[PDB]
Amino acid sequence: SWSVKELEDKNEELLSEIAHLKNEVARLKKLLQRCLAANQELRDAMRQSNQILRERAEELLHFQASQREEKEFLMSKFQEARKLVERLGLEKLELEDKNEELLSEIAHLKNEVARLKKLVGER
(Lines of atoms letter the chains of each structure in order from A and count residues from 1; the text may use other names and numbers.)
(Lines give C-alpha, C1' and ligand atoms only; values in the text may rest on other atoms or scores of the structure.)
Protein backbone atom coordinates (compact mmCIF):
# COMPACT_ATOMS: atom_id res chain seq x y z
CA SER A 1 0.00 0.00 0.00
CA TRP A 2 2.67 2.47 1.10
CA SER A 3 5.99 3.27 -0.58
CA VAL A 4 9.44 3.29 1.01
CA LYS A 5 9.47 7.10 1.08
CA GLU A 6 6.05 7.26 2.74
CA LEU A 7 7.10 4.82 5.47
CA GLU A 8 10.27 6.84 6.08
CA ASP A 9 8.36 10.12 6.37
CA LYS A 10 5.93 8.50 8.81
CA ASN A 11 8.94 7.13 10.70
CA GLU A 12 10.33 10.67 10.86
CA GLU A 13 6.93 11.88 12.10
CA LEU A 14 6.70 9.24 14.84
CA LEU A 15 10.24 10.01 16.02
CA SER A 16 9.38 13.70 16.48
CA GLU A 17 6.29 12.53 18.38
CA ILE A 18 8.41 10.35 20.68
CA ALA A 19 10.73 13.29 21.36
CA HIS A 20 7.83 15.57 22.31
CA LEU A 21 6.24 13.01 24.65
CA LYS A 22 9.61 12.43 26.32
CA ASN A 23 9.95 16.15 27.07
CA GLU A 24 6.47 16.02 28.63
CA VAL A 25 7.42 13.10 30.89
CA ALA A 26 10.59 14.88 32.04
CA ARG A 27 8.65 18.11 32.62
CA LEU A 28 5.88 16.36 34.58
CA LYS A 29 8.46 14.56 36.72
CA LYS A 30 10.15 17.86 37.61
CA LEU A 31 6.74 19.31 38.52
CA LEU A 32 5.72 16.29 40.61
CA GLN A 33 9.03 16.29 42.48
CA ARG A 34 8.64 19.94 43.49
CA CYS A 35 5.01 19.43 44.52
CA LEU A 36 5.94 16.42 46.65
CA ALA A 37 8.72 18.48 48.24
CA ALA A 38 6.26 21.33 48.82
CA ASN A 39 3.89 18.85 50.49
CA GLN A 40 6.71 17.82 52.83
CA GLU A 41 7.35 21.42 53.91
CA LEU A 42 3.63 21.92 54.58
CA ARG A 43 3.43 18.68 56.58
CA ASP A 44 6.52 19.52 58.67
CA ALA A 45 5.15 22.99 59.46
CA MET A 46 1.64 21.73 60.22
CA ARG A 47 3.18 19.17 62.56
CA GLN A 48 4.91 21.98 64.44
CA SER A 49 1.70 24.02 64.71
CA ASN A 50 -0.08 21.09 66.35
CA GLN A 51 2.98 20.39 68.51
CA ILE A 52 3.24 23.97 69.79
CA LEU A 53 -0.54 24.06 70.26
CA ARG A 54 -0.30 20.92 72.40
CA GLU A 55 2.67 22.22 74.40
CA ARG A 56 0.94 25.53 75.15
CA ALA A 57 -2.27 23.77 76.22
CA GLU A 58 -0.51 21.56 78.77
CA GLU A 59 1.48 24.40 80.35
CA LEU A 60 -1.70 26.48 80.52
CA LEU A 61 -3.47 23.75 82.51
CA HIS A 62 -0.72 23.75 85.14
CA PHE A 63 -0.63 27.56 85.18
CA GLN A 64 -4.37 27.84 85.84
CA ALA A 65 -4.01 25.36 88.70
CA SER A 66 -1.24 27.52 90.17
CA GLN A 67 -3.31 30.69 89.77
CA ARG A 68 -6.10 28.90 91.64
CA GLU A 69 -3.63 27.97 94.38
CA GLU A 70 -2.45 31.57 94.75
CA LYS A 71 -5.96 33.05 94.55
CA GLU A 72 -7.22 30.78 97.34
CA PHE A 73 -4.33 31.64 99.64
CA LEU A 74 -4.50 35.41 99.26
CA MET A 75 -8.29 35.28 99.68
CA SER A 76 -8.02 33.35 102.94
CA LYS A 77 -5.52 35.91 104.19
CA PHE A 78 -7.95 38.73 103.42
CA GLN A 79 -10.81 36.96 105.19
CA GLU A 80 -8.69 36.26 108.28
CA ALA A 81 -7.72 39.94 108.43
CA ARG A 82 -11.26 41.24 107.87
CA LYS A 83 -12.62 39.05 110.67
CA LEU A 84 -9.78 40.35 112.86
CA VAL A 85 -10.96 43.91 112.17
CA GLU A 86 -14.52 43.06 113.21
CA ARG A 87 -13.28 41.44 116.43
CA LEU A 88 -10.86 44.24 117.31
CA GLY A 89 -13.57 46.84 116.74
CA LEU A 90 -16.13 45.08 118.94
CA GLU A 91 -13.60 44.48 121.71
CA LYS A 92 -12.74 48.18 121.45
CA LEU A 93 -16.39 49.19 121.90
CA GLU A 94 -16.79 46.81 124.84
CA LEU A 95 -13.67 48.32 126.43
CA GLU A 96 -14.93 51.87 125.89
CA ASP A 97 -18.29 51.08 127.50
CA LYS A 98 -16.51 49.58 130.51
CA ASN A 99 -14.24 52.62 130.85
CA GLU A 100 -17.18 55.02 130.82
CA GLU A 101 -18.92 53.00 133.53
CA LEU A 102 -15.73 53.19 135.60
CA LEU A 103 -15.61 56.97 135.23
CA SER A 104 -19.17 57.16 136.57
CA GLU A 105 -18.03 55.22 139.64
CA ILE A 106 -15.02 57.51 140.05
CA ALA A 107 -17.21 60.60 139.69
CA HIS A 108 -19.53 59.16 142.34
CA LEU A 109 -16.63 58.30 144.66
CA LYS A 110 -15.21 61.82 144.25
CA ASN A 111 -18.54 63.41 145.19
CA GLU A 112 -18.75 61.11 148.21
CA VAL A 113 -15.22 62.08 149.27
CA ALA A 114 -16.02 65.80 149.11
CA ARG A 115 -19.28 65.31 151.03
CA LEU A 116 -17.48 63.48 153.84
CA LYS A 117 -14.74 66.10 154.03
CA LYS A 118 -17.26 68.88 154.65
CA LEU A 119 -18.50 66.66 157.49
CA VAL A 120 -15.02 66.44 159.05
CA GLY A 121 -14.59 70.22 158.97
CA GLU A 122 -17.24 70.49 161.69
CA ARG A 123 -16.79 67.63 164.18
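When you see a residue number, it is the position in the sequence shown, counting from 1.
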Averaging CA B factors per stretch from the PDB record, which one is higher: 67-75 or 86-94? 67-75
Can you let me know which of the two, 37-45 or 58-66, has the higher average C-alpha B-factor in the entry? 58-66
For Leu53, the third of its chain into which the C-alpha B factor falls: highest
Relative C-alpha B-factor of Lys118, binned into the chain's lowest, middle or highest third: middle
Compared with the other modelled residues in the chain, in which third is the CA B-factor of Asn111? highest
